[PDB]
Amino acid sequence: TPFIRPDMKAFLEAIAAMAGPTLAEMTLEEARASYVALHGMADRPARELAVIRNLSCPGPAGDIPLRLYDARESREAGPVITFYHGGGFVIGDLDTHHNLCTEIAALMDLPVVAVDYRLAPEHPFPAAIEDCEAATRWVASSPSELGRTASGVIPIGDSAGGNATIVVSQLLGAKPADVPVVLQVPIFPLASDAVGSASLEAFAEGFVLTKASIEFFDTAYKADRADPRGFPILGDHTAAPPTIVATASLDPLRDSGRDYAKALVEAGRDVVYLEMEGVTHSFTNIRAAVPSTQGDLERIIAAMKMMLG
């Protein structure tokens, strides 16, 4: 019934034919390893960049590892992209989204700093948020170790990282970092609770991200349902920064992103809503297996350039 691109359908069929186990059935290490293998299989290769460099910053439970990506060894002051990877706050790391980060850095000609935030179940909510916030504030202070000056920050992330993107914009909005959030890019984010949404039921199985996985992530992360830092649809939107909400039409979390973009319009904030038609959750990281998703990423990039001026 719902529209699906032919290249996207064949990837869904190949996944079904491979017939892997669920996140529940695997051990934590196996589930984390499976995510690495999926993106390593499915995404386009990393871009070659002048700078791919590990860093770290002070955090509230110790140092936070980071990775800086830049097409330029040396550059003028400008906005710095602060990136938070997807993975339910349970899986993913600096390597699962490495190639995507190099693509953003190459296409934007802006530096990208990815954050290796603490994961659940070892570190439940709000550990991930504390680290993403702290690393973003650190970048915003233009520390000597970053090697370039930030005139503003651009939070961006997929899924759980899209959740972190909005929470960070709201936390910096209430208590500003040294420079402002000049643009946020939540990509298929978890913003409102997906429980009860039509997209969750309609796309519960067979569309890369499953209802089973969502429930697995939620049990490990244990976010407070009433806390805007867990579900930022509940935050104060009246001073939200310029926003690009990107969703996928076949995503169980699609309606969550629709809700957030609508809440921004309701509050009179500038927002670009892009719903990629015929593709699933995780489309930013399957750009070789489903080649048309490269074009979806480039639409987000074009919107980001426009929204930066």
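Residue indices: 1-based, along the sequence shown.
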| query | finding |
| --- | --- |
| Stretch with the greater mean C-alpha B-factor as recorded in the entry, comparing 52-60 against 272-280 | 52-60 |
| Mean Cα B-factor comparison, 101-109 or 122-130, giving the higher one as deposited | 122-130 |
| Top Cα B factor in the deposited entry, candidates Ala160, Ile214, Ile81, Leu183 | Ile214 |
| Chain thirds of CA B-factor: placement of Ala223 | highest |
| Ranked against its chain, the third holding the CA B-factor of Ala263 | lowest |
| Chain-relative CA temperature factor third for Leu253 | middle |
| Entry-reported Cα temperature factor of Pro241, expressed as the chain third it lands in | lowest |
| Cα B factor band for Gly92 (lowest, middle or highest third within the chain) | highest |
